[PDB]
There are 2 protein chains.
Amino acid sequence: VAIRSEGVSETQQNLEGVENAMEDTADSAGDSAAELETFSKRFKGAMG
Amino acid sequence: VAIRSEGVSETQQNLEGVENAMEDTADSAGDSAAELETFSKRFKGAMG
């Protein structure tokens, strides 16, 4: 009999899923920084 | 119907965890975008 263990032991995974999806949102939000300095440090080429 | 009926279930509860143990690679495989556009920050800045 394993009627209880099957229902709970998935949620321990779902917890890590929430956290790893949060990390994904943070790492993906990091894309908004990826070429940021990369444009601005070039841009004095415009002024020159 | 109800014989050895819940014993296989835990394979699902385990395998869910393997997806989460890939989400914590998907996040960071995403972060590799920030790696390359920061590598380009030097060369783009050097054009500046």
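Using ideal geometry, Cβ is built from the backbone for each residue, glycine included, and neighbour counts are taken over all protein chains shown. FYI, it's all coordinate maths here, none of it is from the lab.
Considering only residues that are within 7 Å of another protein chain (Cβ to nearest Cβ), within 29 Å of B:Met22 (Cβ to Cβ) and exposed (fewer than 14 other Cβ atoms within 10 Å of the Cβ), which ones fall in the range A:32-48?
Passing the criteria: only A:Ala33.
Would you check if there is a residue in the range A:22-31 being surrounded by 14 or more Cβ atoms within 10 Å (Cβ to Cβ), closer than 20 Å to B:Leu36 by Cβ and not charged (D, E, K, R)?
Checked against the condition, which is being surrounded by 14 or more Cβ atoms within 10 Å (Cβ to Cβ), closer than 20 Å to B:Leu36 by Cβ and not charged (D, E, K, R), the range A:22-31 yields at least one hit.
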